[PDB]
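Reproduced below: entry-v8.cif, with mmCIF, N, CA and C atoms.
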data_protein
#
loop_
_atom_site.label_atom_id
_atom_site.label_comp_id
_atom_site.auth_asym_id
_atom_site.auth_seq_id
_atom_site.Cartn_x
_atom_site.Cartn_y
_atom_site.Cartn_z
N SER Z 1 0.84 -1.19 0.00
CA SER Z 1 0.00 0.00 0.00
C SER Z 1 0.87 1.24 0.00
N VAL Z 2 0.59 2.17 -0.92
CA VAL Z 2 1.30 3.44 -0.93
C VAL Z 2 0.92 4.26 0.29
N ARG Z 3 -0.33 4.16 0.73
CA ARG Z 3 -0.81 4.96 1.84
C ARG Z 3 -0.57 4.31 3.20
N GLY Z 4 0.20 3.23 3.28
CA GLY Z 4 0.36 2.48 4.51
C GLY Z 4 1.80 2.41 5.00
N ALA Z 5 1.94 2.03 6.27
CA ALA Z 5 3.25 1.87 6.88
C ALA Z 5 3.16 0.89 8.05
N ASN Z 6 4.22 0.13 8.24
CA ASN Z 6 4.28 -0.87 9.31
C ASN Z 6 4.53 -0.17 10.64
N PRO Z 7 3.69 -0.39 11.65
CA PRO Z 7 3.92 0.26 12.95
C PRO Z 7 5.11 -0.26 13.72
N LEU Z 8 5.73 -1.36 13.30
CA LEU Z 8 6.85 -1.92 14.05
C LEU Z 8 8.19 -1.30 13.67
N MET Z 9 8.21 -0.32 12.77
CA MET Z 9 9.45 0.39 12.47
C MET Z 9 9.31 1.90 12.68
N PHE Z 10 8.29 2.31 13.45
CA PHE Z 10 8.06 3.73 13.70
C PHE Z 10 9.21 4.36 14.46
N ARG Z 11 9.72 3.69 15.50
CA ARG Z 11 10.81 4.25 16.30
C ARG Z 11 12.08 4.41 15.47
N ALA Z 12 12.43 3.37 14.71
CA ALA Z 12 13.63 3.41 13.89
C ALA Z 12 13.55 4.49 12.82
N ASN Z 13 12.39 4.63 12.18
CA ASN Z 13 12.29 5.62 11.12
C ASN Z 13 12.20 7.04 11.68
N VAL Z 14 11.56 7.22 12.84
CA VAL Z 14 11.48 8.54 13.44
C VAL Z 14 12.86 8.99 13.92
N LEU Z 15 13.65 8.09 14.51
CA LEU Z 15 14.96 8.57 14.96
C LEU Z 15 15.97 8.69 13.82
N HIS Z 16 15.79 7.95 12.71
CA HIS Z 16 16.58 8.27 11.52
C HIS Z 16 16.22 9.64 10.95
N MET Z 17 14.93 9.99 11.01
CA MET Z 17 14.50 11.32 10.61
C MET Z 17 15.08 12.39 11.53
N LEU Z 18 15.21 12.08 12.82
CA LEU Z 18 15.85 13.01 13.75
C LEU Z 18 17.33 13.17 13.42
N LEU Z 19 17.98 12.08 13.00
CA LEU Z 19 19.37 12.16 12.56
C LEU Z 19 19.53 13.06 11.34
N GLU Z 20 18.65 12.92 10.35
CA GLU Z 20 18.74 13.80 9.18
C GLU Z 20 18.39 15.24 9.53
N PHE Z 21 17.48 15.43 10.48
CA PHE Z 21 17.13 16.77 10.93
C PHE Z 21 18.28 17.45 11.66
N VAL Z 22 19.10 16.69 12.37
CA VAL Z 22 20.30 17.26 12.97
C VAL Z 22 21.34 17.57 11.89
N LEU Z 23 21.58 16.61 10.99
CA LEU Z 23 22.60 16.78 9.95
C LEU Z 23 22.29 17.88 8.95
N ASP Z 24 21.03 18.27 8.80
CA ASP Z 24 20.77 19.44 7.98
C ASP Z 24 20.89 20.74 8.77
N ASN Z 25 20.94 20.69 10.10
CA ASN Z 25 21.28 21.87 10.89
C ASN Z 25 22.73 21.82 11.36
N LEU Z 26 23.66 21.78 10.41
CA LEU Z 26 25.09 21.90 10.72
C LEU Z 26 25.63 23.01 9.84
N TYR Z 27 25.46 24.25 10.30
CA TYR Z 27 25.87 25.42 9.56
C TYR Z 27 26.29 26.48 10.57
N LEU Z 28 26.83 27.58 10.07
CA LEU Z 28 27.13 28.72 10.91
C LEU Z 28 26.46 29.96 10.34
N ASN Z 29 25.88 30.76 11.22
CA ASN Z 29 25.23 31.99 10.79
C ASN Z 29 26.28 33.03 10.42
N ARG Z 30 26.07 33.70 9.29
CA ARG Z 30 27.03 34.63 8.72
C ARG Z 30 26.50 36.05 8.78
N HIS Z 31 27.39 36.98 9.11
CA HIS Z 31 27.06 38.40 9.21
C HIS Z 31 26.76 38.98 7.83
N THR Z 32 25.59 39.62 7.69
CA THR Z 32 25.10 40.06 6.39
C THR Z 32 24.66 41.52 6.40
N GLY Z 33 25.32 42.36 7.18
CA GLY Z 33 25.10 43.79 7.10
C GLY Z 33 23.84 44.25 7.80
N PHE Z 34 23.77 45.56 8.02
CA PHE Z 34 22.65 46.18 8.70
C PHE Z 34 22.30 47.50 8.02
N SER Z 35 21.18 48.08 8.45
CA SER Z 35 20.74 49.37 7.95
C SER Z 35 19.94 50.06 9.04
N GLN Z 36 20.33 51.29 9.37
CA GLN Z 36 19.62 52.06 10.39
C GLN Z 36 18.21 52.41 9.91
N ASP Z 37 17.25 52.25 10.81
CA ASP Z 37 15.85 52.46 10.48
C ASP Z 37 15.57 53.94 10.23
N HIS Z 38 14.66 54.21 9.29
CA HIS Z 38 14.22 55.57 9.03
C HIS Z 38 12.73 55.79 9.27
N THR Z 39 11.97 54.76 9.36
CA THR Z 39 10.56 54.92 9.70
C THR Z 39 10.36 54.69 11.20
N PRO Z 40 9.46 55.43 11.87
CA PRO Z 40 9.46 55.45 13.34
C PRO Z 40 8.78 54.28 14.03
N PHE Z 41 8.60 53.15 13.34
CA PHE Z 41 8.05 51.96 14.00
C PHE Z 41 8.95 51.50 15.13
N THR Z 42 10.24 51.36 14.86
CA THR Z 42 11.24 51.08 15.89
C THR Z 42 12.27 52.20 15.85
N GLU Z 43 12.37 52.95 16.94
CA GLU Z 43 13.30 54.07 16.97
C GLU Z 43 14.73 53.55 17.14
N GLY Z 44 15.63 54.03 16.28
CA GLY Z 44 17.05 53.75 16.40
C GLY Z 44 17.47 52.30 16.23
N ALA Z 45 16.60 51.45 15.70
CA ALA Z 45 16.92 50.03 15.60
C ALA Z 45 17.66 49.74 14.30
N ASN Z 46 18.58 48.79 14.38
CA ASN Z 46 19.39 48.38 13.24
C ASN Z 46 18.91 47.01 12.77
N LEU Z 47 18.48 46.94 11.52
CA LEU Z 47 17.79 45.77 11.00
C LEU Z 47 18.68 45.06 9.99
N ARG Z 48 18.74 43.74 10.08
CA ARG Z 48 19.59 42.96 9.19
C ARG Z 48 18.89 42.75 7.86
N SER Z 49 19.63 42.94 6.77
CA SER Z 49 19.10 42.81 5.42
C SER Z 49 19.75 41.59 4.78
N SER K 1 6.66 60.38 -1.86
CA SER K 1 6.10 61.62 -2.37
C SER K 1 7.21 62.56 -2.84
N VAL K 2 6.86 63.42 -3.79
CA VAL K 2 7.80 64.43 -4.25
C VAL K 2 7.87 65.60 -3.27
N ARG K 3 6.85 65.76 -2.42
CA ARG K 3 6.78 66.90 -1.51
C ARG K 3 6.93 66.48 -0.05
N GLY K 4 7.59 65.35 0.20
CA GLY K 4 7.73 64.88 1.56
C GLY K 4 9.13 64.99 2.13
N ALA K 5 9.22 65.13 3.45
CA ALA K 5 10.48 65.11 4.16
C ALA K 5 10.32 64.32 5.45
N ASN K 6 11.32 63.51 5.77
CA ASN K 6 11.26 62.67 6.96
C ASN K 6 11.35 63.53 8.21
N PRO K 7 10.43 63.39 9.17
CA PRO K 7 10.54 64.16 10.41
C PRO K 7 11.66 63.70 11.32
N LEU K 8 12.25 62.53 11.07
CA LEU K 8 13.41 62.12 11.84
C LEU K 8 14.70 62.78 11.36
N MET K 9 14.68 63.44 10.20
CA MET K 9 15.88 64.05 9.65
C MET K 9 15.83 65.57 9.69
N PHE K 10 14.86 66.14 10.41
CA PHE K 10 14.68 67.59 10.44
C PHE K 10 15.89 68.31 11.03
N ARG K 11 16.46 67.77 12.10
CA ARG K 11 17.56 68.44 12.77
C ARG K 11 18.81 68.46 11.91
N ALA K 12 19.11 67.34 11.25
CA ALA K 12 20.24 67.29 10.33
C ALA K 12 20.03 68.21 9.14
N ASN K 13 18.79 68.31 8.65
CA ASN K 13 18.46 69.24 7.58
C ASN K 13 18.72 70.68 7.98
N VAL K 14 18.29 71.05 9.19
CA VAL K 14 18.44 72.44 9.64
C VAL K 14 19.90 72.77 9.90
N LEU K 15 20.67 71.81 10.43
CA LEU K 15 22.09 72.05 10.65
C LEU K 15 22.85 72.20 9.34
N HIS K 16 22.50 71.39 8.33
CA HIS K 16 23.13 71.57 7.03
C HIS K 16 22.72 72.88 6.38
N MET K 17 21.48 73.33 6.61
CA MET K 17 21.05 74.61 6.05
C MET K 17 21.78 75.77 6.71
N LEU K 18 22.00 75.69 8.03
CA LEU K 18 22.75 76.74 8.71
C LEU K 18 24.22 76.74 8.30
N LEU K 19 24.78 75.55 8.03
CA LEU K 19 26.13 75.49 7.50
C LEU K 19 26.22 76.11 6.12
N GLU K 20 25.20 75.88 5.27
CA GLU K 20 25.16 76.52 3.96
C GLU K 20 25.04 78.03 4.08
N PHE K 21 24.28 78.50 5.08
CA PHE K 21 24.16 79.93 5.33
C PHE K 21 25.50 80.55 5.71
N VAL K 22 26.21 79.92 6.64
CA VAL K 22 27.49 80.45 7.09
C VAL K 22 28.53 80.41 5.97
N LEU K 23 28.59 79.31 5.22
CA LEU K 23 29.56 79.21 4.13
C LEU K 23 29.21 80.13 2.97
N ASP K 24 27.94 80.45 2.78
CA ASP K 24 27.59 81.48 1.80
C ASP K 24 27.95 82.86 2.32
N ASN K 25 28.02 83.02 3.63
CA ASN K 25 28.26 84.34 4.20
C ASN K 25 29.72 84.55 4.57
N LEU K 26 30.66 84.06 3.77
CA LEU K 26 32.09 84.26 4.02
C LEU K 26 32.65 85.20 2.96
N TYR K 27 32.55 86.50 3.22
CA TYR K 27 33.08 87.51 2.32
C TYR K 27 33.69 88.66 3.10
N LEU K 28 34.43 89.48 2.38
CA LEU K 28 34.92 90.76 2.86
C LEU K 28 34.02 91.85 2.31
N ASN K 29 34.45 93.10 2.44
CA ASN K 29 33.57 94.23 2.15
C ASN K 29 34.32 95.27 1.33
N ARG K 30 33.82 95.58 0.13
CA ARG K 30 34.49 96.53 -0.74
C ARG K 30 34.27 97.97 -0.29
N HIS K 31 35.29 98.80 -0.51
CA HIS K 31 35.11 100.24 -0.39
C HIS K 31 34.87 100.81 -1.79
N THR K 32 33.60 100.80 -2.19
CA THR K 32 33.22 101.48 -3.41
C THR K 32 33.07 102.97 -3.16
N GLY K 33 33.11 103.75 -4.23
CA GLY K 33 32.98 105.18 -4.10
C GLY K 33 31.57 105.61 -3.76
N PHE K 34 31.47 106.79 -3.15
CA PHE K 34 30.19 107.35 -2.75
C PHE K 34 30.00 108.72 -3.39
N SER K 35 28.76 109.20 -3.36
CA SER K 35 28.39 110.46 -3.99
C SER K 35 27.55 111.29 -3.04
N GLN K 36 27.97 112.53 -2.81
CA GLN K 36 27.21 113.45 -1.99
C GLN K 36 25.97 113.93 -2.73
N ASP K 37 24.85 114.00 -2.03
CA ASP K 37 23.62 114.52 -2.61
C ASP K 37 23.22 115.83 -1.93
N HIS K 38 22.17 116.44 -2.48
CA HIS K 38 21.50 117.56 -1.83
C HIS K 38 20.00 117.33 -2.00
N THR K 39 19.44 116.60 -1.07
CA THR K 39 18.06 116.21 -0.89
C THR K 39 17.46 117.05 0.23
N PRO K 40 16.24 117.56 0.07
CA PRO K 40 15.61 118.32 1.17
C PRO K 40 15.29 117.47 2.39
N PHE K 41 15.29 116.15 2.26
CA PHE K 41 15.06 115.25 3.38
C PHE K 41 16.33 114.55 3.83
N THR K 42 17.46 114.81 3.18
CA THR K 42 18.76 114.28 3.60
C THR K 42 19.79 115.34 3.21
N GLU K 43 20.16 116.19 4.17
CA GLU K 43 20.97 117.36 3.89
C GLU K 43 22.46 117.02 3.99
N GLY K 44 23.15 117.06 2.85
CA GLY K 44 24.59 116.99 2.81
C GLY K 44 25.21 115.68 3.24
N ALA K 45 24.43 114.61 3.37
CA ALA K 45 25.02 113.34 3.75
C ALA K 45 25.72 112.71 2.56
N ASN K 46 26.58 111.76 2.85
CA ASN K 46 27.45 111.15 1.85
C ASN K 46 26.99 109.72 1.59
N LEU K 47 26.03 109.58 0.68
CA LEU K 47 25.41 108.30 0.41
C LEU K 47 26.22 107.52 -0.61
N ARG K 48 26.19 106.20 -0.50
CA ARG K 48 27.08 105.36 -1.29
C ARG K 48 26.39 104.79 -2.51
N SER K 49 27.18 104.57 -3.55
CA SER K 49 26.71 103.97 -4.79
C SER K 49 27.03 102.49 -4.78
#
Taking this structure as input, can you express it in the form of structure tokens?
Amino acid sequence: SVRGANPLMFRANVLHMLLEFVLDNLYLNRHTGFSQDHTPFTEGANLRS
Amino acid sequence: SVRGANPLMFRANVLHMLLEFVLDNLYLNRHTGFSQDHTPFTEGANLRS
């Protein structure tokens, strides 16, 4: 069945999915500049672009 | 808008305008010649041309 799955491998497949979810979050955030606000919604705030 | 100005930039605008005023007002003063008149409402004064 395309719409079916065996309940006896739920734990194994869920924790393999957790492994891939960790391995796709292996990066470093990079500094990408800022710009001083000109509209008065947030006074003096520097927003990342 | 073509007729708009940011109210957060008013002070910088006014300071730049006063700087333009002072830099426009940097001159010396010529001694041009003057001519004596004989006016019934200004007797013998030495008015300048």
Any chance you could resolve the PyMOL selection byres ((chain Z) within 8 of (chain K)) against this file and give the residues as a PDB file with N, CA and C atoms, in the frame of the given file?
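expr-v6.pdb written:
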ATOM      1  N   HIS Z  38      14.660  54.210   9.290  1.00  0.00           N
ATOM      2  CA  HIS Z  38      14.220  55.570   9.030  1.00  0.00           C
ATOM      3  C   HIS Z  38      12.730  55.790   9.270  1.00  0.00           C
ATOM      4  N   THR Z  39      11.970  54.760   9.360  1.00  0.00           N
ATOM      5  CA  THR Z  39      10.560  54.920   9.700  1.00  0.00           C
ATOM      6  C   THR Z  39      10.360  54.690  11.200  1.00  0.00           C
ATOM      7  N   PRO Z  40       9.460  55.430  11.870  1.00  0.00           N
ATOM      8  CA  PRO Z  40       9.460  55.450  13.340  1.00  0.00           C
ATOM      9  C   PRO Z  40       8.780  54.280  14.030  1.00  0.00           C
TER      10      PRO Z  40
END
Taking the file as shown, find all residues satisfying the PyMOL selection byres ((chain K and resi 35) around 6) and write them as a VMD selection string.
chain K and resid 33 to 34 36 to 37 46 to 49
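Residue-level DSSP output for chain K, from the backbone, shows strand (DSSP E or B) at residues 34, 35, 36, 39, 42, 46, 47 and 48 of chain K.
For the atom pair formed by atom C of residue 12 in chain Z and atom N of residue 27 in chain Z, the distance is 23.2 Å, given to one decimal.
For the pair chain K and chain Z, the all-Cα root-mean-square deviation following least-squares superposition comes to 0.7 Å.
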Those in chain K with helix (DSSP H, G or I) from DSSP, as a PDB file with N, CA and C atoms, in the coordinates of the input:
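Just written: out-v6.pdb:
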ATOM      1  N   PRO K   7      10.430  63.390   9.170  1.00  0.00           N
ATOM      2  CA  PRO K   7      10.540  64.160  10.410  1.00  0.00           C
ATOM      3  C   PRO K   7      11.660  63.700  11.320  1.00  0.00           C
ATOM      4  N   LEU K   8      12.250  62.530  11.070  1.00  0.00           N
ATOM      5  CA  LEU K   8      13.410  62.120  11.840  1.00  0.00           C
ATOM      6  C   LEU K   8      14.700  62.780  11.360  1.00  0.00           C
ATOM      7  N   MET K   9      14.680  63.440  10.200  1.00  0.00           N
ATOM      8  CA  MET K   9      15.880  64.050   9.650  1.00  0.00           C
ATOM      9  C   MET K   9      15.830  65.570   9.690  1.00  0.00           C
ATOM     10  N   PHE K  10      14.860  66.140  10.410  1.00  0.00           N
ATOM     11  CA  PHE K  10      14.680  67.590  10.440  1.00  0.00           C
ATOM     12  C   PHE K  10      15.890  68.310  11.030  1.00  0.00           C
ATOM     13  N   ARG K  11      16.460  67.770  12.100  1.00  0.00           N
ATOM     14  CA  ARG K  11      17.560  68.440  12.770  1.00  0.00           C
ATOM     15  C   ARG K  11      18.810  68.460  11.910  1.00  0.00           C
ATOM     16  N   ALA K  12      19.110  67.340  11.250  1.00  0.00           N
ATOM     17  CA  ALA K  12      20.240  67.290  10.330  1.00  0.00           C
ATOM     18  C   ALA K  12      20.030  68.210   9.140  1.00  0.00           C
ATOM     19  N   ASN K  13      18.790  68.310   8.650  1.00  0.00           N
ATOM     20  CA  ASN K  13      18.460  69.240   7.580  1.00  0.00           C
ATOM     21  C   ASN K  13      18.720  70.680   7.980  1.00  0.00           C
ATOM     22  N   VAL K  14      18.290  71.050   9.190  1.00  0.00           N
ATOM     23  CA  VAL K  14      18.440  72.440   9.640  1.00  0.00           C
ATOM     24  C   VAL K  14      19.900  72.770   9.900  1.00  0.00           C
ATOM     25  N   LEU K  15      20.670  71.810  10.430  1.00  0.00           N
ATOM     26  CA  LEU K  15      22.090  72.050  10.650  1.00  0.00           C
ATOM     27  C   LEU K  15      22.850  72.200   9.340  1.00  0.00           C
ATOM     28  N   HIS K  16      22.500  71.390   8.330  1.00  0.00           N
ATOM     29  CA  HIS K  16      23.130  71.570   7.030  1.00  0.00           C
ATOM     30  C   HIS K  16      22.720  72.880   6.380  1.00  0.00           C
ATOM     31  N   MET K  17      21.480  73.330   6.610  1.00  0.00           N
ATOM     32  CA  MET K  17      21.050  74.610   6.050  1.00  0.00           C
ATOM     33  C   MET K  17      21.780  75.770   6.710  1.00  0.00           C
ATOM     34  N   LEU K  18      22.000  75.690   8.030  1.00  0.00           N
ATOM     35  CA  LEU K  18      22.750  76.740   8.710  1.00  0.00           C
ATOM     36  C   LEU K  18      24.220  76.740   8.300  1.00  0.00           C
ATOM     37  N   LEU K  19      24.780  75.550   8.030  1.00  0.00           N
ATOM     38  CA  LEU K  19      26.130  75.490   7.500  1.00  0.00           C
ATOM     39  C   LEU K  19      26.220  76.110   6.120  1.00  0.00           C
ATOM     40  N   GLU K  20      25.200  75.880   5.270  1.00  0.00           N
ATOM     41  CA  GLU K  20      25.160  76.520   3.960  1.00  0.00           C
ATOM     42  C   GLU K  20      25.040  78.030   4.080  1.00  0.00           C
ATOM     43  N   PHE K  21      24.280  78.500   5.080  1.00  0.00           N
ATOM     44  CA  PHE K  21      24.160  79.930   5.330  1.00  0.00           C
ATOM     45  C   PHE K  21      25.500  80.550   5.710  1.00  0.00           C
ATOM     46  N   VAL K  22      26.210  79.920   6.640  1.00  0.00           N
ATOM     47  CA  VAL K  22      27.490  80.450   7.090  1.00  0.00           C
ATOM     48  C   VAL K  22      28.530  80.410   5.970  1.00  0.00           C
ATOM     49  N   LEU K  23      28.590  79.310   5.220  1.00  0.00           N
ATOM     50  CA  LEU K  23      29.560  79.210   4.130  1.00  0.00           C
ATOM     51  C   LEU K  23      29.210  80.130   2.970  1.00  0.00           C
ATOM     52  N   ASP K  24      27.940  80.450   2.780  1.00  0.00           N
ATOM     53  CA  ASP K  24      27.590  81.480   1.800  1.00  0.00           C
ATOM     54  C   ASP K  24      27.950  82.860   2.320  1.00  0.00           C
TER      55      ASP K  24
END
Suppose you want the space between CA of residue 24 in chain Z and CA of residue 11 in chain Z; what is it in Å?
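Rounded to one decimal, the two atoms are 20.0 Å apart.
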To one decimal place, how far is CA of residue 19 in chain K from CA of residue 4 in chain K in Å?
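Rounded to one decimal, the two atoms are 22.1 Å apart.
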Could you add N, CA, C and O atoms to range 25-39 of chain Z and give me the result as a short mmCIF file (atom, residue, chain, number, x, y, z; two decimals), in the frame of the given file?
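What landed in result04.cif:
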data_model
loop_
_atom_site.label_atom_id
_atom_site.label_comp_id
_atom_site.auth_asym_id
_atom_site.auth_seq_id
_atom_site.Cartn_x
_atom_site.Cartn_y
_atom_site.Cartn_z
N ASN Z 25 20.94 20.69 10.10
CA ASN Z 25 21.28 21.87 10.89
C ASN Z 25 22.73 21.82 11.36
O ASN Z 25 23.02 21.82 12.55
N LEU Z 26 23.66 21.78 10.41
CA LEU Z 26 25.09 21.90 10.72
C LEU Z 26 25.63 23.01 9.84
O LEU Z 26 26.20 22.76 8.78
N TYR Z 27 25.46 24.25 10.30
CA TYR Z 27 25.87 25.42 9.56
C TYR Z 27 26.29 26.48 10.57
O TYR Z 27 26.13 26.30 11.78
N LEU Z 28 26.83 27.58 10.07
CA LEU Z 28 27.13 28.72 10.91
C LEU Z 28 26.46 29.96 10.34
O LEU Z 28 26.48 30.17 9.12
N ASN Z 29 25.88 30.76 11.22
CA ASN Z 29 25.23 31.99 10.79
C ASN Z 29 26.28 33.03 10.42
O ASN Z 29 27.27 33.23 11.14
N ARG Z 30 26.07 33.70 9.29
CA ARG Z 30 27.03 34.63 8.72
C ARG Z 30 26.50 36.05 8.78
O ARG Z 30 25.32 36.30 8.52
N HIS Z 31 27.39 36.98 9.11
CA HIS Z 31 27.06 38.40 9.21
C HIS Z 31 26.76 38.98 7.83
O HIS Z 31 27.56 38.87 6.91
N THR Z 32 25.59 39.62 7.69
CA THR Z 32 25.10 40.06 6.39
C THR Z 32 24.66 41.52 6.40
O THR Z 32 23.71 41.90 5.71
N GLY Z 33 25.32 42.36 7.18
CA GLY Z 33 25.10 43.79 7.10
C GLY Z 33 23.84 44.25 7.80
O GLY Z 33 22.95 43.48 8.14
N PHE Z 34 23.77 45.56 8.02
CA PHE Z 34 22.65 46.18 8.70
C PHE Z 34 22.30 47.50 8.02
O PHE Z 34 23.01 47.98 7.14
N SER Z 35 21.18 48.08 8.45
CA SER Z 35 20.74 49.37 7.95
C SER Z 35 19.94 50.06 9.04
O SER Z 35 18.99 49.47 9.57
N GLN Z 36 20.33 51.29 9.37
CA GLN Z 36 19.62 52.06 10.39
C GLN Z 36 18.21 52.41 9.91
O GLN Z 36 18.01 52.79 8.76
N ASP Z 37 17.25 52.25 10.81
CA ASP Z 37 15.85 52.46 10.48
C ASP Z 37 15.57 53.94 10.23
O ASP Z 37 16.15 54.81 10.87
N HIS Z 38 14.66 54.21 9.29
CA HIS Z 38 14.22 55.57 9.03
C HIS Z 38 12.73 55.79 9.27
O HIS Z 38 12.31 56.95 9.35
N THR Z 39 11.97 54.76 9.36
CA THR Z 39 10.56 54.92 9.70
C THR Z 39 10.36 54.69 11.20
O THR Z 39 11.06 53.87 11.81
#
